[PDB]
Every structure is written in structure tokens, then in C-alpha cells.
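In what follows, a single structure is set out as C-alpha cells and then discussed.
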Number of protein chains: 2
Amino acid sequence: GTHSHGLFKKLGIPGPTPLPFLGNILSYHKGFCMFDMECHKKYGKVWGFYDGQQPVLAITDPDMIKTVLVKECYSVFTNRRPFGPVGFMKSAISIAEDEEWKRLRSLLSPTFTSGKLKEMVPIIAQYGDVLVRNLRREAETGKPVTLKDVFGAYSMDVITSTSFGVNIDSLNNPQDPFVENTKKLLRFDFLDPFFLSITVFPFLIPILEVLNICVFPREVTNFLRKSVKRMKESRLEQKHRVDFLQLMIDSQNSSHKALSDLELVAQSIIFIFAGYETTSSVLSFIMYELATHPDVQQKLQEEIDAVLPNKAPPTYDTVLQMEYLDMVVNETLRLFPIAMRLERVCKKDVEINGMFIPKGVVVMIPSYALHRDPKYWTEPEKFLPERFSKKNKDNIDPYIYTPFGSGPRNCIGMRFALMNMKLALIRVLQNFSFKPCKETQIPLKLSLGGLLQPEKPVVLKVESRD
Amino acid sequence: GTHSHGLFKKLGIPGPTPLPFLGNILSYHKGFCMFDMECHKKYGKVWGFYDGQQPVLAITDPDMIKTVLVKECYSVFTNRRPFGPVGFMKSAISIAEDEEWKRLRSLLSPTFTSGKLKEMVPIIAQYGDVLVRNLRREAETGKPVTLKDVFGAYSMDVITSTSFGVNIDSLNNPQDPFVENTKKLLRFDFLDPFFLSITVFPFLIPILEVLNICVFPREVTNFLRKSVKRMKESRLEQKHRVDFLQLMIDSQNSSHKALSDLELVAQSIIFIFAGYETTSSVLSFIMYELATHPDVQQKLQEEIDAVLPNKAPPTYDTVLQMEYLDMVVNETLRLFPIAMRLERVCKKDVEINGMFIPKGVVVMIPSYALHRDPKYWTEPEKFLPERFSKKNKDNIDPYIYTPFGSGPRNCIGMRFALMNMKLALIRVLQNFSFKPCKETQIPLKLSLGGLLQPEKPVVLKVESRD
Ligand code: HEM
Ligand code: HEM
Ligand SMILES: CC(C)(C(=O)c1cccnc1)c1cccnc1
Ligand SMILES: CC(C)(C(=O)c1cccnc1)c1cccnc1
């Protein structure tokens with residue numbers, strides 16, 4: 001059971017002492033981040049622990065992080081850690097490995113250029129307006145509002161229209177087929193009973209594969225897989241060139257093997273999976289900060305109105321202008337980096353920056369811990385957007401602050417996500433103010449589980465500026 | 001169950017139609033070779049079948065074989081197929097993979113040069129003489145003799161002295177610790193109940209790994225592992241530079257990481273495993289041919305006496321002189337290539353000689369089938385050493401005849417095995433003649449199992465030329 005539990009004392013690396021079979025996992029009872037902050041305090045700049053028998057080497061030196069994330073990414077640190085029986089989703093770009101990942105990343109990169117994002121702004125923006133109508137009635141009847149649902153509704157609407165050109169009011173059609181299935185594509189909690197069992201019985205993943213058991217619900221994937229083959233074959237026979245689905249079909253008509261029909265479906269799914277709950281999550285987090293910091297919220301309302309007088313519609317170019325807006329988004333992602341950790345598997349035996357790392361270790365960068373480290377962040381607990389002001393932004397290490405990771409395997413959806421969220425916040429603050437309620441959790445607490453989500457759902461009062 | 005059972009009809013490759021879950025394995029009831037000869041007849045030059053869910057692509061074109069075995073060996077076709085829970089023997093060179101194999105092959109290659117083989121001739125040759133004394137009494141009492149045991153005894157004696165400098169008469173000490181354990185290192189029958197179960201439940205290999213269950217008996221490996229660490233640490237404090245163990249310890253004192261103490265032990269074991277039963281097997285096969293072809297046996301006796309008049313001792317240089325001897329050994333290996341198949345896993349998607357081979361297929365070369373194909377071999381069923389005469393040897397394709405495989409991953413022990421066997425045959429035929437018995441199986445039949453061994457053990461009369 002302790003087959004590899006002696007690796008780190010042989011390399012001279014400090015770490016919590018593992019129990020047989022379980023390794024160190026019992027320390028996840030306070031969750032990944034508190035586990036990581038404490039390891040960082042106690043042991044310093046580098047340390048090791050075991051997810052069961054899997055060695056994991058944490059690193060916090062910005063120079064070493066750059067080597068892993070960008071420098072020898074293609075040679076050594078190309079893939080993330082496996083996490084469960086994925087079925088055909090093995091071909092999704094976030095899951096794919098090595099050379100099929102390089103092929104997939106090269107084939108999907110043009111889809112995320114600012115040119116294609118700029119053509120999608122009018123569609124996203126339309127659901128800014130749907131968000132106001134849905135929120136205008138939730139404020140006109142002064143009931144406290146549950147951000148997650150009003151923002152979930154919004155993220156969903158952006159997802160469906162931006163990926164498949166299906167234009168629905170999900171809040172007012174929670175019965176529609178497309179919103180019924182995507183609502184069940186929730187982020188994975190790697191500390192829940194199932195995924196923890198996997199960590200302690202990783203030898204069970206092939207068994208589950210052979211029974212067609214999949215961490216992606218076997219029925220939503222089927223619905224989308226037929227919906228896509230329905231969309232295509234129909235789409236064939238107009239506007240087009242509007243959504244992701246369309247940009248992907250058109251790349252199947254160009255030195256890399258064009259996406260297969262099934263590779264295509266896999267990417268459509270992973271984009272929905274990445275964007276839906278994450279986007280609503282951060283949007284909830286941003287408003288909680290703006291409600292508990294109404295000076296910040298007001299300074300943002302003023303910047304919105306200066307750029308967009310008369311509740312003028314936001315555009316691509318006006319979004320990129322708004323500097324306080326950018327500052328607020330980044331500072332909310334500092335305190336709540338939805339990822340918590342970045343990881344790569346060490347493909348070979350390598351020495352980086354003076355440290356032998358053996359094959360098969362997963363190297364982990366603990367983003368949440370670095371975003372809250374005193375050694376880089378004055379008053380790290382405080383929501384303080386001025387740290388990203390054009391005056392101070394230059395004294396922040398891009399390898400300490402990595403809300404989207406770094407290097408060739410960074411978030412491919414960063415520009416989109418950033419714009420998507422910004423367009424929401426503008427149209428919302430153009431029409432509304434957000435005040436705390438008796439029911440609001442202040443200060444907010446993070447869950448002890450595996451997702452970076454609030455303990456209790458964020459609820460706030462919302463009054464019409466009108 | 002039929003997840004991948006449609007791969008070959010998509011590529012247009014012909015093959016027997018697989019059953020769900022089992023693939024094609026029920027056709028192994030007549031064994032690998034008869035399965036392969038029939039596939040070769042029916043489907044031609046290329047075909048596919050499934051060991052359970054594992055696709056296997058057979059190839060018989062000599063040009064394509066060269067690409068796989070030598071040309072793109074390092075890039076694409078570097079590793080053999082996994083076959084069971086191997087524990088620490090994962091570090092043995094025949095099992096090791098990719099870059100650790102390249103390192104291990106480079107670190108062990110000097111150990112098998114003709115210079116080191118030439119220093120080992122006097123030790124091997126000594127057990128030529130032990131073989132005569134043991135056989136002289138088995139013939140002086142005209143009891144039919146069981147080749148496998150008299151040759152097993154011999155192979156064992158060569159193994160122990162050549163690898164560890166332990167000099168025993170195993171036939172006359174079948175109670176000694178070293179002969180008790182190595183006698184249990186028998187070749188694997190991949191058609192036996194266990195290894196067939198593995199093929200149909202390959203998802204069970206990790207499970208067995210985690211229980212420390214190993215196809216290498218957990219106790220013989222331990223005995224040798226302590227024996228080696230005993231040998232060393234003792235060996236330290238004279239002659240030395242005699243056996244494999246010694247050449248390996250000395251390479252631990254030189255751009256490749258010198259063998260670890262455990263890597264070393266693993267290689268000692270695999271050499272014993274490769275050499276012991278195989279050497280006795282072919283030696284049994286050669287004598288069966290010489291008994292059923294006493295003209296051939298006589299022509300060989302005459303060549304031995306011409307080179308070595310007066311029963312003169314064989315030496316390295318005299319062995320390499322003996323051309324009929326070489327011819328007999330090669331022709332016995334044509335009819336009984338102990339390997340049956342050569343295999344490599346296809347690491348990437350590749351096109352070789354006009355054929356797309358997808359990642360993960362194991363490419364198989366069916367040696368037994370090629371050694372008996374009429375299209376290259378006139379009278380292929382007949383034991384006819386003249387096909388390797390200096391007159392006809394040049395019309396034999398080295399990729400059809402591959403008793404040791406070909407390319408950088410060929411048998412590293414070929415020169416040794418060839419000399420080892422030749423030294424046995426000289427001293428034996430110098431003193432003895434081998435005649436059939438009523439009890440001898442004529443014609444010999446091969447087993448329907450997974451090892452290329454005779455149905456019933458070869459038994460023959462042996463008379464002293466003295
Ligand atoms: C607030 C919004 C988002 C955040 C903070 C975020 C963050 C991240 C992070 C931290 C990673 C790992 C980066 C690394 O390993 O170096 C990642 C990867 C990825 N993200 Fe996002 N993401 C967001 C939204 C999106 C959206 C809207 C998409 C839509 C397609 C998306 C698609 C992906 C993909 C496909 C990957 C894997 C890239 C690869 O392996 O090549 N993300 N993201
Ligand atoms: C009649 C005697 C022998 C025969 C016919 C034989 C045949 C073979 C064959 C057919 C292969 C596979 C080659 C390939 O995949 O291309 C092989 C590999 C190998 N043989 Fe032998 N062998 C014999 C004796 C020995 C002996 C005495 C040793 C002693 C060390 C040995 C060690 C090995 C090793 C280590 C490999 C794997 C090489 C690698 O993967 O780098 N063999 N042998
Ligand atoms: C799950 C997925 C696809 C992922 O690759 C991921 C997310 C955070 C950290 N590491 C990997 C993701 C999820 C949400 C936003 N972006 C990406
Ligand atoms: C089992 C082992 C080590 C092996 O690598 C092998 C043998 C025949 C075909 N393919 C691989 C072997 C066994 C006997 C002689 N040589 C090598």
C-alpha cells in the first residue's frame with residue numbers, strides 16, 4: 001500500500017507523512033486550499049504529498065512555474081492528471097493528451113481569436129437585455145434575489161446561442177429540452193464520495209470504462225451528440241458563421257487531420273462544461289464583492305456611464321476600454337480562482353531549476369495559495385481592486401497570478417469568458433444597484449468541498465436605478 | 001464489449017469476425033501458429049484480429065516488416081505488448097519501455113559483445129565436459145534418455161556459472177538452493193487459463209499489481225534479489241570479470257544513469273528467464289532432427305572431427321568455423337522459432353508503405369507462419385539444412401527468417417545463445433550418437449498451447465562412440 005510512499009524522503013523533499021493506502025487525503029477534510037495554504041506555511045517553497053499512491057510535487061517558485069507551464073510544456077509537462085472514466089470525452093481538448101492535444105489545440109485555436117470573439121459580441125449582448133427583463137421583475141417585487149440562478153440563467157442563454165445558435169429564455173423556459181440537459185453539466189467535485197474513491201482505487205478506472213460508466217452523464221452527452229448531428233445536416237441549408245458549432249464545421253473544410261464528427265461533438269460539450277457554471281460562479285462572486293464594497297460598485301457605475309452615457313449599449317471596443325471594470329474582474333478572480341490548482345504530469349525524468357523530478361509525479365501549482373500569500377500580496381484577504389490599477393499592475397508576477405493558467409495549455413476560453421462576463425456586468429450595473437440583505441453571509445465562507453463555491457448561496461437586494 | 005470491434009472493417013482490412021468481449025480468442029484452441037498459418041492462407045499478406053478488445057494487425061510483407069522492426073522502431077514501434085502484472089520486473093529490458101528501454105539497452109549492450117562472449121567460452125565449455133559425464137552414465141546403462149532434463153541440467157549449469165559464478169552439477173545436486181529456484185523460472189504460456197483471463201480482462205492487471213501479484217513468482221525473485229546483494233558486498237573482496245553479474249557491477253562505475261541496484265537484479269533475472277528453458281528447448285529440438293536424419297548427424301560428426309581431431313576441445317574460433325553446424329542450428333530454428341510471433345505496439349498514428357495504422361494497435365509479425373510459407377520455402381515441412389549452405393544462404397530474406405527478431409530491439413542474447421548451444425552440440429556428438437526409440441514420437445507434434453514445445457517430451461537412445 002505504501003509502495004511509493006517513500007519517494008519524497010529519498011529526494012529530500014519535506015511533506016506531511018502519508019498513511020498507508022490513503023496517502024494524505026484525510027487532510028482534504030478542510031479542502032484543497034486550506035490544505036495548500038498550510039503546506040505552504042509549514043514546508044515553504046516546495047513540498048510533496050500523495051493522493052493515495054500518486055506522488056504530487058507542489059511548487060511555488062515563479063521561475064520553476066514558468067519552466068513547467070511554458071518552457072518545457074511540450075517536452076515534459078504536456079498533460080493534466082487523469083481523473084475518472086471519460087469514455088469518448090477522452091477526445092475533448094482539456095482531457096486529450098500529448099500529440100492529439102497538440103493537434104486539437106491547433107485546430108481549435110482559430111475559433112478563439114479576437115476576430116471571432118468580436119463577431120459574437122452582438123449575440124451575447126442580446127442576452128444582456130434578457131438579463132435585465134428577468135431581473136427587472138425580480139427587483140420590481142422587492143424579493144431578495146439568488147444570484148446563482150439569475151446568473152445561471154444568463155450563462156446558459158449565452159452558452160446555447162453562442163455554441164449552437166439556439167436562442168431561448170432559459171429562466172422562462174426551464175422546461176425546454178436544451179436547458180434541461182445542460183443544467184445537469186455541473187463542475188466536478190473531486191472531494192465528493194465518488195471521485196475520492198477513485199483517488200484511492202485508481203485501479204478501478206479501467207473497470208468503470210469497460211462498463212461504459214462515465215463522469216459525463218451518459219444521457220446528456222447522447223442528447224447533445226444527436227442534437228449536433230441534427231443541427232448539422234440541417235444547418236446544411238444562410239446566416240451561419242455565427243456560433244462555435246459553425247466555426248468547427250467550417251474547419252472540417254480547410255496539416256492536421258480535420259476534426260472528426262465525434263471529436264467535434266466532444267469539443268462542443270467541453271465548452272458548455274467549462275463555461276456554464278464557472279461563468280455564473282465568478283459573476284456571483286463579483287456582485288458579492290460589489291455589494292459589500294458599495295464605493296467600488298459606485299465607482300464602477302460611474303465609469304460605465306462615462307463610457308456609455310444614456311445606458312448606451314456596450315460594444316467590444318467599449319468593454320476593452322473600461323479599466324476599473326477590468327480591475328474589479330481581476331481582483332475577484334484573485335480571491336476566487338475557480339481552478340484552485342494547476343497541474344501537469346511529469347512525462348520523463350527531468351531536472352528543472354536545480355531539482356530532480358522523477359517520471360510520473362504530477363507537478364502542482366497551488367493558485368489559491370499563491371493568490372493569498374502575504375509574501376506577494378499586501379492585505380491579501382481584502383477585496384482591493386487598486387492592485388490592478390495601471391499604476392501597480394506592473395508589480396504582479398504572472399506566474400503568481402494565473403486565474404487562467406499560463407503557457408500553451410492555458411485556458412483557451414479566456415478572452416471569451418472575460419468579455420462574456422464584462423458584458424453582463426455593464427448592462428446589469430447600468431440598470432441596477434446591489435445591496436446586502438439580512439440573509440447575506442458576511443463575511444462569505446468557502447466550502448470545504450472540492451469546488452471553489454460559497455458555503456451558502458449568495459443572496460442580495462437589488463433596486464432599480466430607474 | 002464490441003467497443004473497438006469495428007476498427008478493421010473501417011480501415012478495409014480483412015479478418016476473422018470477432019465475438020463480443022472475447023474477440024477472436026476461441027481460435028487459439030489450435031494455438032498461435034496454426035491460427036496464423038490459416039489467417040495467412042485465407043486473408044493473404046495483411047489481416048486483423050482482436051485479443052479481446054485489443055486490435056492486432058498481422059503483417060507479412062518483408063518491406064513493411066523492416067519499417068516496423070528497424071526503420072521507425074525508435075519513433076513508433078518501440079515497445080512490446082504488456083502481458084501481466086510484472087511488479088519490479090517492469091525494469092527488465094525485455095519489458096521496459098521507450099526511453100528507459102533505450103537507456104537500459106545502451107547500458108547492457110557492451111555486456112553482449114563478442115569480446116565478453118569470448119572470455120566466457122572456457123566457463124561454458126567446462127560444462128560441456130560435465131554434460132558428457134552425466135550422459136556417459138545414462139548411455140552406459142542403455143536406458144532411453146529424456147533430452148529436456150539432460151539439456152535442462154546443462155542449460156542450468158551454464159546459466160548459474162555464466163551469470164553468477166556459482167559452479168554446480170545441477171543434475172547431481174537437484175537439492176541445491178540455486179537450482180531449486182531457477183528450475184521454477186519457466187517460460188510463460190500465454191494460452192493458459194490465467195494469461196487468457198488477463199487478455200479478456202486486461203482491466204484486471206492494475207488490480208493484480210496493487211495486490212503484489214506477479215507473473216514472476218514472488219519468492220524466486222526475492223531469493224535471487226538477496227543472493228545478488230549477497231554476491232555483491234561479498235564479491236567485493238580477485239578473479240572477477242568472469243560473469244554477467246560482474247560486468248553489470250562494473251558498469252555501475254563508468255551519459256546514462258548507471259544501473260540501480262534493483263535495475264541490476266532485474267536484468268540478472270530476465271537473462272536466466274530468457275536462457276534457461278529456451279536453450280534446453282532448441283537443443284532438444286536439434287537432437288530430434290539429428291536422430292530422425294542420421295545422415296545429417298553423421299555429416300556433422302565428420303565436420304566436428306575434421307575441425308577437432310582427437311575429440312579436441314572446442315574453442316570460440318573453432319565454433320565459428322563449423323559451417324554445417326551453423327546450418328543445422330539455423331534450420332532447426334526455422335522449423336521451431338521459439339518465439340512464434342514478434343510484436344510491437346504502434347505508439348502514434350502512422351502510414352507505412354501505403355497503410356494507415358492507428359495508434360494503439362499492436363503490429364504482429366508471425367514468424368512461425370513465415371518460416372513455413374511455401375512462397376519462400378521449398379519443402380517447408382522438411383528438415384533440410386542445405387537451405388543455409390554458403391551456396392543458397394543468400395536467397396533468404398532476413399525479414400522472413402527472424403529466429404531472433406530484427407532491429408534495435410532484437411534478441412540481445414543471440415551471439416551467446418548461439419555459442420552456448422554450439423559448444424554443447426560439439427562435445428556431445430564428439431562422444432555420442434543419438435538413435436530413435438520405439439518410444440520416440442515420429443513425426444513430432446507441436447502442442448496446441450502457447451509455448452512452442454513438443455506434444456510429448458523427446459526421448460531417444462544414445463550410444464557411446466567409445
Ligand atoms: C471565468 C471563466 C474561466 C476561467 C477562470 C477559466 C480558467 C481556466 C484554467 C485555470 C484552466 C487551466 C489552465 C492551465 O492548465 O494552465 C483552463 C483551461 C481551459 N479552459 Fe477555461 N476558464 C474559464 C472559462 C472558460 C470558457 C468560457 C471556456 C469556453 C470554451 C473555457 C475553456 C477552457 C479549456 C478548453 C481549457 C483547457 C485548455 C487545454 O487543455 O488546451 N474556459 N481554464
Ligand atoms: C535459442 C536461444 C534464443 C532465441 C531463439 C531468442 C530469441 C529472441 C527473440 C525472438 C526475441 C524478440 C526479438 C524482437 O522482438 O525483435 C528476443 C529478445 C530478447 N532475448 Fe532472446 N533468444 C534466445 C536466447 C536468449 C538468451 C540466452 C538471452 C540471455 C540474455 C536472451 C535475451 C533476450 C532479451 C533480453 C531480449 C529482449 C531484448 C530487448 O527488448 O531489448 N535471449 N530473443
Ligand atoms: C474542467 C476544465 C475543462 C479544465 O480543463 C480545468 C479547469 C481548472 C483547472 N484545470 C483544468 C475547465 C472548467 C472551467 C473553466 N475552464 C476549464
Ligand atoms: C521472454 C523474452 C525475454 C522475450 O523478450 C521474447 C521472447 C520471444 C519473443 N518476444 C519476446 C525471451 C525469452 C527467451 C529468449 N529470449 C527472450
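Quick note on labels: first sequence line is chain A, next is B, and so on, each numbered from 1. Quick note: numbers below take in every heavy atom, side chains included, and nothing from hydrogens, waters or symmetry partners. Atoms within a ligand are numbered from 1 in the order they appear, just like the ligands themselves.
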Residue-ligand contact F404(B)/ligand 4, heavy atom below 4.0 Å: no
For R80(A), side chain to side chain donor-acceptor pair (under 3.5 Å) partners two or more places apart: none
Listed once per pair and sorted, the side-chain hydrogen bond (donor to acceptor under 3.5 Å, both in side chains) pairs that draw on residues 156-165 of chain B, sequence neighbours left out: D157(B)-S170(B)
Flag: protein heavy atom within less than 4.0 Å of atom 2 (C) of ligand 3: no
Atom 6 (C) of ligand 3 touched by protein (heavy atom, under 4.0 Å): no
Test log, rule side chain to side chain contact (heavy atoms under 4.5 Å, CB included), inputs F190(B) and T199(B): CA-CA 9 Å; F190(B) 289 93; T199(B) 298; over 6 Å; no
Proximity to ligand 2 by part of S367(B), non-hydrogen separation under 4.0 Å: neither
contact_flag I270(B) ligand 2 heavy-atom lt 4.0 Å: no
Mode of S406(B) contact toward ligand 2 - side chain, backbone, both, neither (heavy atoms, under 4.0 Å): backbone
Heavy atom of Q267(B), distance to ligand 2 below 4.0 Å: no
Distance criterion under 2.8 Å: protein N/O/S atoms around atom 21 (Fe) of ligand 2: 1
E277(B) touching ligand 4 at heavy-atom level, < 4.0 angstrom: no
Shortest reach to atom 13 (C) of ligand 3 by a heavy atom, considering only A274(A), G275(A), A92(A): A274(A)
Residues which pass salt bridge (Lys or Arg N to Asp or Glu O under 4.0 Å) with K148(A), listed by chain and number, not counting sequence neighbours: none
